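Read the structure below first, then the notes.
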Amino acid sequence: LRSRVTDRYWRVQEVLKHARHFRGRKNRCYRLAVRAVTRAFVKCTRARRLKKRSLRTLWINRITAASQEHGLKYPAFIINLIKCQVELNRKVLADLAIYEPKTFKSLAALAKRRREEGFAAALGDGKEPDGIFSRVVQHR
Amino acid sequence: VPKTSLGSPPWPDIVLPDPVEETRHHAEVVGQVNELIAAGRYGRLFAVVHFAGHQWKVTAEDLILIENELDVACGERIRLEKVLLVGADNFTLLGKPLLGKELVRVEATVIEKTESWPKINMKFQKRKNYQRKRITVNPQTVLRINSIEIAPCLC
Amino acid sequence: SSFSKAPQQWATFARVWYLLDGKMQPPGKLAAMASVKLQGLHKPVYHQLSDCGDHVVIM
Ligand SMILES: [Mg+2]
Ligand SMILES: [Mg+2]
């Protein structure tokens, strides 16, 4: 009972589906296609991992620029926003930086205020005064 | 103590207001914004929401895509609870680190329950003869956001 | 805040000429900020694939 593979056409089609937009001979010849397609998928999955650090880099830059406009550097801005107990994404923060410049300058004013409060608190060398923005709320 | 380029600390001097005047000024400012809320002068609100492990920026009539399945009938009206920011042209409310329920309310509708487009994930190794190809399909949920309401009570 | 679409587009991505006076400055510290402004890295709308970046005139 001799058997041959009749459906070889669709087997090839399934790997050429992905190969159509490649340059040169990879979009035709089944060898070249197979290899370039495996390459393509591997870089696909690595890109999934990268694109999270890329987007986060982008965000940090935009936050840095927005912060620079108001004369405050990136680390200062972020730390002080945190020490005020305001937890905001860098995604949400960069979006505020572009599409709501007013609110964002409000934030930068807040952070700057909180920081000067910090310098004054630590240089003052006494334990008593709580700057109005230095109090810490425990939730109920 | 004459002036040399060092003996003077290199930064503007810090001017910090008295706590009393600040308590008065805060009571007053909050009072005023409160009068704006009562008046109804806020044109359009935008909120920063925390949902399903992410933060989002949301306004009425908008749309977002949540990455997992929620158990809700299609078309039901959800009330989102943890709210980080609320803002409007003239004023902004900031939560530490959350906005109280009685203050603001944001109501959305679930539009679409979907399975995501196939995501192709493949591990490979040089001349170890190791390949693994796996295609992923993720349940997704689209939300229409209906309304952001803001109540007068602020003290 | 309410502009037509074409003019909003134009206003956002406008190229802005900067003047920077040089006399008695370390050429490195000069090139630091000169480069930042050149590249568009002061604009919150910045992205690598956008053409955005501004003229710089050093005198
Ligand atoms: Mg036969
Ligand atoms: Mg992960």
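Chains as they are written, first to last, in PDB author numbering: chain U, 10 to 149; chain V, 55 to 209; chain N, 2 to 60.
Virtual Cβ for every residue (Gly too), placed ideally from N, Cα, C.
Looking at the backbone, the Cα of U/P110 and that of V/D72 are separated by about 30 Å.
At a cut-off of 7 Å between C-beta atoms, V/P56 does not count as an interface residue with respect to chain U. U/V146 has its alpha-carbon roughly 30 Å from the corresponding atom of V/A93. From the listed residues V/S201, V/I202, V/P172 and V/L70, the smallest Cα separation to V/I189 is found for V/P172. Within the same chain, and ignoring the five residues on either side of N/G41 in sequence, the residues whose Cβ sits closer than 6 Å to its Cβ are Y47, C53 and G54. When DSSP reads this structure, V/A142 sits in a beta bridge with V/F145.
For the segment 104-126 of chain U, the set of residues with a beta-carbon nearer than 7 Å to any beta-carbon of chain N comprises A106 and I107, in chain order. The beta carbon of U/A74 sits closer than 7 Å to some beta carbon of chain N. Below the 9 Å Cβ cutoff, chain N contributes no neighbours of U/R62, its closest Cβ being approximately 14 Å away.
Taking a beta-carbon distance threshold of 7 Å, N/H43 counts as an interface residue toward chain U.
Sixteen is the threshold: since fewer than 16 other Cβ atoms of the shown chains lie within 10 Å of the Cβ of N/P28, the residue is exposed. Between the C-alpha atoms of U/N89 and U/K121 there is a straight-line separation of about 7 Å. Taking 7 Å as the threshold, the shortest C-beta distance from V/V102 to chain U falls below it.
When 8 Å is used as the limit between beta carbons, U/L59 is near no residue of chain N, the shortest such separation being about 14 Å. When the beta-carbon positions are compared, V/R198 and V/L117 come within less than 7 Å of each other. Residue pairing by DSSP places N/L39 opposite no residue, since no beta bridge is assigned to it. Excluding sequence positions up to five before and after U/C38, its CB lies less than 8 Å from no other CB in the same chain. Contacts with chain V (Cβ-Cβ distance below 7 Å) from the segment 76-90 of chain U involve no residue at all. Assignment of U/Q94 by DSSP, reduced to helix, strand and coil, places it in the coil class.
Here the alpha carbon of U/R40 sits roughly 13 Å from the alpha carbon of U/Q22. Beta-bridge partners assigned by DSSP to V/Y184: V/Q179. U/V46 and U/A28 do touch by the CB rule: their CB atoms are close to 6 Å apart, below 8 Å.
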